[PDB]
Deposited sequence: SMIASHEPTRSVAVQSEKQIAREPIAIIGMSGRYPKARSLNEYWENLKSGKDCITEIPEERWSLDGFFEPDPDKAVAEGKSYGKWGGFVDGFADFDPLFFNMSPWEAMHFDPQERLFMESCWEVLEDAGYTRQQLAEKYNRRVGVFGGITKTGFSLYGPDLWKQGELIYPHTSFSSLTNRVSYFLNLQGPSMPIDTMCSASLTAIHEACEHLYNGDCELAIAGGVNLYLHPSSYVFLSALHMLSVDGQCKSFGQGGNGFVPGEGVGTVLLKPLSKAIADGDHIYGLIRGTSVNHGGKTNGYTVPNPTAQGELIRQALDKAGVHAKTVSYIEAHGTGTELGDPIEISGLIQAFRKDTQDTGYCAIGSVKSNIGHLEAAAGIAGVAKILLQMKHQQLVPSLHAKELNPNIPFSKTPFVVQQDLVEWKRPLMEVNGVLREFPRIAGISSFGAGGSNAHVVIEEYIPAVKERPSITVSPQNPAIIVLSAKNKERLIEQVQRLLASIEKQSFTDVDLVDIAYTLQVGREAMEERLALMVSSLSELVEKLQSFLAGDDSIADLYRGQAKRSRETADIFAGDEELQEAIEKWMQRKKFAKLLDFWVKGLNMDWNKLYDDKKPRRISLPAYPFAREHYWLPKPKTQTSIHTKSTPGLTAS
């Protein structure tokens, strides 16, 4: 029997040359090649790089010097997370990026820690894909010099730190199935929702290259392309090029997501995992296993293969792997249809490289953005196709250009019928752990009644950045006055009230823009704008909170639109339940910029 879909109600991500999901989409749309040489900051090429692959292996060197790298890999805001600068240095940057990403995904969804505790009794799971080690390798040389620095990678801490800080009591565990880690995390997250182990789940992954030995080892296994490219299904695919990233999604069963008014990116209709079993080699993929995997996900989802219109392939660009992936796909698909050339296929690995543990979540992000903008983006390095793959005899055509993503038409029974946009994504671990996920698009003020816009951050600098980023988002998302109430509501209930506070009473979006610009310009005496720190009136604020009579008065202030007094108190530290503003019709939560973390650089000292 079929199960209800899992809604994706929040997403965060940083990928190569894409500090934000908006930049990620722009890069994907334009077919941007995000591969570069290793940054000197990570390590030097001298003594590391040897272009002759066989000589490189003989001399313990790497014949690859290319990768898709994330900017600010060592950036962190430890004060924000109640951590010391010294503590941060001990933390694997991968775990740091994931910490921020998990905070971001709650904010994207429009959730606070308080709401998760009150409404969901903290029943939130955290499933984090991770596989790379190497941070710890810097230890021994530091210890020889007497430094009391113990760099360590704790997979368990990847998720436990998040559960601790966000105050979550659902299952908290890392997923390491190598290259399929983050897609396996999504599978496990969904299954744990289905069996009631939690009511919400964070799923995702992270992948960074921190020590040069990672490249030396991949070279020793001849897994690297000498051309530094993932030529997904293209001629001359000869290995992969490594890549970095971090991403998460927030998951909740569809019926409840609709009931709670969440914004929905898409639906997970089915997921599957398996293992290849005994093949001709430990790292040799199994096309029969892959086909059964895909078929099971389709079956669980209730999806007919003729109605799948995009596949995000594993697609690492290997001579052996790429043709095997297509064999697996057609094995699954052909049980439903013999039709050919109707489904687009691609791989983001052609753009940003092989993100290993984070490859799945990166691919999911691509699918969701393709769904949002209803476009299919190019897949790179395959103008000439792998000649060993007979695509014309399969469902699949490698997407070469940016095009409209059209809803497909299938005959139910002599009647044409439009189907929604459905995509599949595969992720295959080198060790043989496989995962597949089937995703479907989601098809759903005045001076007399002004909006209350609130913003808050840990300090003035962060607050200013918040204002800048909100202004940019308003322009980028092409908001109008119709969106104002949603913006207000999201910032009200979807953001944690912090120390440095700002509040506005506005009648129009244009009004909001103007006052924020005046704020940034240094203008003061701005009409109906309030600034303050929560430390100013803390003793009084605490008295207000605990007191029945004083809370009633605040409620009356809200009922009678005494916003001047109300907003003045809020910026001074008085905490409110902004839901009290709304009698019956509650606005919707939408995506707005997450907290702009301090970008403080924390990386181990030279030995």
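Residues of the deposited sequence lacking C-alpha coordinates fall in the stretches 1 to 19, 464 to 472, 636 to 652, numbered from 1.
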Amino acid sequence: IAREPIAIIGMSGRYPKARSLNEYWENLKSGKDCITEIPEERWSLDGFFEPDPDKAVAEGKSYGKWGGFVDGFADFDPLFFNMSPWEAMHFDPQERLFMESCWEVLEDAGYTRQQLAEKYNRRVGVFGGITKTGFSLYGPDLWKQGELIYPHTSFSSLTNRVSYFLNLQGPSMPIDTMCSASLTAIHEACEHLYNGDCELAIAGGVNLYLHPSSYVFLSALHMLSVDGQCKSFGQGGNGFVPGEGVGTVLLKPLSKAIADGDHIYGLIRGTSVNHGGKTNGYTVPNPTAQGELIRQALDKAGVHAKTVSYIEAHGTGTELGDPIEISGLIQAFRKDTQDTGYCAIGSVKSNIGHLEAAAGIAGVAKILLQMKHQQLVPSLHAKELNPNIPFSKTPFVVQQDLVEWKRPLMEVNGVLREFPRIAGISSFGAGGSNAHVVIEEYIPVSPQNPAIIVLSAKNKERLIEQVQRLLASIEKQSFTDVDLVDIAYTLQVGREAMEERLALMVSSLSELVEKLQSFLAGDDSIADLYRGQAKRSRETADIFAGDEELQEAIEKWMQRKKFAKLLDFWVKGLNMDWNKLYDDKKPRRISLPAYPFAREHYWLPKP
From here on, numbers count along this sequence of modelled residues.
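Stretch comparison (143 to 151 versus 185 to 193) by mean CA B-factor in the PDB entry places 143 to 151 on top.
Relative to one another, 511 to 519 and 464 to 472 have unequal mean CA B-factors, and 511 to 519 is the one with the higher figure.
In this structure the maximum Cα B-factor among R42, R560, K29, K61 is found at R560. In this structure the maximum Cα B-factor among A545, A56, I38, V571 is found at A545. Ranked against the other modelled residues of its chain, the C-alpha B-factor of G10 as given in the entry falls in the lowest third. In the PDB entry, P378 places in the middle third of its chain by CA B-factor. The deposited CA B-factor of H263 belongs to the highest third of values across its chain.
When the modelled residues of the chain are ordered by their C-alpha B factor, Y582 lands in the highest third. In the deposited entry, the Cα temperature factor of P51 sits in the middle third of values across the chain's modelled residues.
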